[PDB]
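A.B. asks:
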Amino acid sequence: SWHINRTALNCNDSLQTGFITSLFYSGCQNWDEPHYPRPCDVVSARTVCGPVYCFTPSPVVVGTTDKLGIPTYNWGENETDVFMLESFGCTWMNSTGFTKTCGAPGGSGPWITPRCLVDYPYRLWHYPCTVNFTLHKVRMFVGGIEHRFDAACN
Amino acid sequence: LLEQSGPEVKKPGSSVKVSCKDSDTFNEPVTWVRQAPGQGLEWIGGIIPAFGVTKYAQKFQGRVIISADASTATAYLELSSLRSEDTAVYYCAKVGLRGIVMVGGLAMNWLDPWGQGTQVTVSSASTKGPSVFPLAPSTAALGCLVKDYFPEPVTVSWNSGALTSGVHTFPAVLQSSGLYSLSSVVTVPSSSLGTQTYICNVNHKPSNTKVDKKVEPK
Amino acid sequence: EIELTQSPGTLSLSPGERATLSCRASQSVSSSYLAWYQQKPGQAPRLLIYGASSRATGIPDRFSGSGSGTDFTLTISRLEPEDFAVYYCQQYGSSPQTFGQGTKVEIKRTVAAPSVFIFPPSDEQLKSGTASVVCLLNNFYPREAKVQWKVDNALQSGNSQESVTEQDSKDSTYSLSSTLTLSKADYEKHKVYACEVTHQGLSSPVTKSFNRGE
Ligand SMILES: *[C@@H]1O[C@H](CO)[C@@H](O[C@@H]2O[C@H](CO)[C@@H](O[C@@H]3O[C@H](CO)[C@@H](O)[C@H](O[C@H]4O[C@H](CO)[C@@H](O)[C@H](O)[C@@H]4O)[C@@H]3O)[C@H](O)[C@H]2NC(C)=O)[C@H](O)[C@H]1NC(C)=O
Ligand SMILES: *[C@@H]1O[C@H](CO)[C@@H](O[C@@H]2O[C@H](CO)[C@@H](O)[C@H](O)[C@H]2NC(C)=O)[C@H](O)[C@H]1NC(C)=O
Ligand SMILES: *[C@@H]1O[C@H](CO)[C@@H](O[C@@H]2O[C@H](CO)[C@@H](O)[C@H](O)[C@H]2NC(C)=O)[C@H](O)[C@H]1NC(C)=O
Ligand SMILES: *[C@@H]1O[C@H](CO)[C@@H](O)[C@H](O)[C@H]1NC(C)=O
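Residue numbers (our numbering), protein chains in the order written: chain A, 1 to 154; chain B, 1001 to 1218; chain C, 2001 to 2214.
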């Protein structure tokens, strides 16, 4: 049920860093060691810049909804739009350029171990320190369901 | 650099599509503004090509469409239901990325770079070449009256570009006929009027016309 | 909608002088979201200042911006010849982004009276059924001038159009044409056609005239 209109586009480069370039077109700041992940909750879409990804472990995009879980198609403009993350591990860019994560696929966000993470289309924007990582095919079973995804590792 | 498409001439009720090609920042936000004759600038709308999200000013909502073509790194502005009020120069410009603010996919910041602008003329009038008449001398002054052409522009030279000092080619004026008119004059030594030859070269590329008129005393 | 009011409409200053342009916002704008642009005839606007006071890439030191809230100012500390143009302010903090109406920075110079010429319609145009009479004001400063048409000593109204050149690169003057348009039939109804020009550089109005068919 995903649509491109369900992408929160609420970016505010108030620190004047130019971080938004890789959303269209070096180091991972405020590094979060994968171990002991924080729990996923409800994220206000007004704080989100660009696509939200979760990792089941396979990568899946999460779109804006209202606070009762109904898909919304306003590019995150409505200040009641949210991402209901609890409904495994997820990551997104917040409006001022900070990469945020919750949960795990211990792991954190897309990271499996401190040296490997799930590949997805916005990996290098969310984690620029992984530009030179190598990619490996992975297969994993979670409760009988088969996952096939690429992993990027150092 | 952003290269915009050439001038457009349209009848009322028609549509026009102008283009804005850049040569490596295509998916970066693009904003369209227009400048009506002798006016300031007015926001039309914009697009973020990476995602396709568009925004429009209320005065153009339902009457314009902005799009982008990723293969040719080109953005487009389509205006429908045209009226004479839509006669303007239409500019394309990139929204700066550093310090950008986006709310619901509406991108605002300073604007740079800019396209060179696209002239759109909307008129009931039909394309027509100018008539060229001498403004005979009586230093002296002489010229050519360039009357009743559509659309703009006309270029005027004297003696195929050999004579440029003292030339004044006035901006065109739109007459109540719907046709344009201008004059170009030059001041010359009085002494020379019986011996020196003065030719005005008028070119109107919309009608493929070229007129050369010798200007001599009555 | 945030209206931006620029003053003055036209600024006349000599090369080398300091220019101060003001832009008044109808509501308070954060200084992060105000920019200044320069435009010359036939050209696209060119960004000068952004964030109220930051100079765009490539913009010379003599351009600076300042202001806060509802009043912003662009300062050119020493006008170079290439600085005489139109300047627009822009707010991009609140949609719709809006632009001021522009200040024209014009070259101040000594008063110069116009040279006045009148041109009768050509026989070629007359055969067409229209007659255009042209009066030319050549190389004058300042720009404001008054042109009155008189036909058979009667003053005219509503049948003339004026056009003014841009300020001249070399001598900083303007030239102006005013064009009286009549039908061939009406043109042949009268004899005396006169152009009367009022200008600061003239001690008294100057008239140029001709008699139809002479
Ligand atoms: C951001 O999103 C919110 C939604 O999360 C949106 O606000 C809500 O919109 C709904 C729908 O218009 C509002 O509910 C209405 O309230 C009025 C006032 O009492 C009722 O009369 C309405 O009933 C009408 O509609 C029924 C079915 O459509 C009809 O059967 C009936 O006969 C009536 O015609 C309806 O219940 C709700 O109140 C707002 N909530 C808020 C807080 O405004 C909001 O508009 C979005 N923001 C923007 C800028 O668009
Ligand atoms: C983008 O970020 C700037 C800076 O944080 C925000 O500016 C603040 O806005 C609030 C409410 O409008 C004011 O109370 C603060 O004083 C402002 N701070 C500064 C430094 O100007 C701006 O509101 C943000 N824009 C959006 C759309 O969220
Ligand atoms: C994006 O995340 C950053 C970091 O978590 C937030 O930055 C904090 O903002 C508060 C409020 O001004 C400050 O007191 C903190 O010092 C900031 N932390 C850091 C590390 O700078 C930022 O607010 C978030 N942006 C949005 C839109 O939610
Ligand atoms: C999605 O966004 C586009 C462009 O901004 C808009 O035309 C459309 O109405 C929006 N909604 C849907 C359901 O496509």
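Every residue gets a Cβ at the ideal spot worked out from N, C-alpha and C, and that includes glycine.
1) In three-state DSSP terms, what is B:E1028?
2) Taking DSSP as the reference, what is the three-state secondary structure of B:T1054?
3) Using a C-beta cutoff of 9 Å, does A:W75 count as contacting chain B?
4) Could you give the first and the last residue of the continuous beta strand (DSSP E) run that contains C:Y2193?
5) Pick out whichever of B:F1133, B:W1158 and B:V1186 has its Cα sitting closest to the Cα of C:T2165.
6) First and last residue of the beta strand (DSSP E) that includes C:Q2038?
7) Measure how close the beta-carbons of B:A1093 and B:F1026 come, nearest whole angstrom, since I'm counting them as under 8 Å.
8) Would you mind giving the Cβ-Cβ distance between A:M93 and A:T101, rounded to the nearest angstrom? I have them listed as a contact below 8 Å.
9) Just to confirm, are B:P1130 and B:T1209 a CB contact at a threshold of 9 Å?
10) Can the beta-carbon of A:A152 be found closer than 9 Å to that of A:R123?
11) Please state whether DSSP places C:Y2187 in a helix, a strand or coil.
12) Just to confirm the assignment, what range does the alpha helix (DSSP H) spanning B:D1148 have?
13) Of all the options A:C129, A:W125 and A:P114, which has the alpha carbon lying nearest to the alpha carbon of A:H35?
14) C:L2155: buried (16+ other C-beta within 10 angstroms of its C-beta) or exposed?
15) Out of curiosity, what's the CA-to-CA distance linking C:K2146 and C:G2051?
16) What do you reckon, is the C-beta of A:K100 under 8 Å from a heavy atom of ligand 3?
17) Pick out the complete beta strand (DSSP E) segments inside the stretch 1079-1161 of chain B, 3 residues or longer, and give them in chain order.
18) Unbroken alpha helix (DSSP H) runs of length 4 or more, entirely within the stretch 9-39 of chain A: which are they?
19) What in chain A is Cβ-close to B:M1108, meaning under 8 Å?
20) For A:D66, go through chain B and note every residue whose CB falls closer than 7 Å to its CB, in chain order.
21) Which bits of chain A does B:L1097 rub up against, with CB to CB less than 7 Å?
22) Would you tell me roughly how many angstroms separate the C-alpha atoms of B:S1138 and C:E2188, rounded to the nearest one?
23) Could you give the first and the last residue of the continuous beta strand (DSSP E) run that contains B:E1216?
24) May I ask which residues mark the beginning and end of the beta strand (DSSP E) holding B:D1022?
25) Runs of 3 residues minimum, wholly inside the stretch 76-108 of chain A: which ones carry the beta strand (DSSP E) assignment?
26) Assuming C:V2105 and C:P2121 are in contact, meaning their beta carbons sit under 8 Å apart, how far apart are those beta carbons, in whole angstroms?
27) Counting only C-beta atoms, is C:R2046 closer than 9 Å to chain B at any point?
28) Can residue 2224 of chain C and C:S2163 be called in contact, C-beta distance under 9 Å?
29) Quick one: give me the first and last residue of the alpha helix (DSSP H) that A:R123 is part of.
30) For a contact meaning CB atoms closer than 8 Å, what does B:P1134 contact in chain C?
31) Decide if the stretch 135-146 of chain A is in contact with the stretch 1048-1066 of chain B; the criterion is three or more beta carbon pairs, one per stretch, under 8 Å apart.
32) Assuming A:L23 contacts B:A1073 under a Cβ cut-off of 8 Å, what Cβ separation, rounded to an integer in Å, is found between them?
33) Can you look up B:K1205 in the DSSP assignment and give me helix, strand or coil?
34) Spell out the partners DSSP gives A:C129 in its beta bridges.
35) Does at least one heavy atom of ligand 2 sit under 8 Å from the Cβ of B:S1165?
36) Determine the contact status of C:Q2148 and C:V2197, defining contact as a CB-CB distance below 9 Å.
C.D. replies: Checking against the coordinates, here is how it stands:
1) coil
2) strand
3) yes
4) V2192 to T2198
5) B:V1186
6) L2034 to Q2039
7) Their Cβ separation, rounded to whole angstroms, is 14 Å, which puts B:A1093 and B:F1026 out of contact at 8 Å.
8) Wrong, their Cβ atoms sit about 11 Å apart, outside the cutoff.
9) yes
10) yes
11) helix
12) Premise fails: B:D1148 lies in the beta strand (DSSP E), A1140 to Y1149, not in any alpha helix (DSSP H).
13) A:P114
14) exposed
15) 43 Å
16) yes
17) 1088-1095, 1101-1103, 1106-1108, 1111-1114, 1118-1122, 1131-1135, 1140-1149 and 1155-1158
18) 21-24
19) In chain order: nothing, as chain A lies at least about 11 Å away.
20) Per Cβ cutoff of 7 Å: no residues; A:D66 is ~15 Å from chain B at best.
21) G18, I20 and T21
22) 21 Å
23) Per DSSP, B:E1216 belongs to no beta strand (DSSP E) and is neither H nor E.
24) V1016 to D1022
25) 82-84, 89-93 and 99-102
26) Actually they do not touch by this definition, with Cβ atoms about 39 Å apart.
27) yes
28) Nothing can be reported for residue 2224 of chain C, as the shown portion of chain C is limited to 2001 through 2214.
29) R123 to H126
30) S2122 and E2124
31) no
32) Not quite, the Cβ-Cβ distance comes to about 17 Å (not below 8 Å), so this is no contact.
33) helix
34) In the DSSP output, where bridge partners are listed per residue, A:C129 has none listed.
35) no
36) yes
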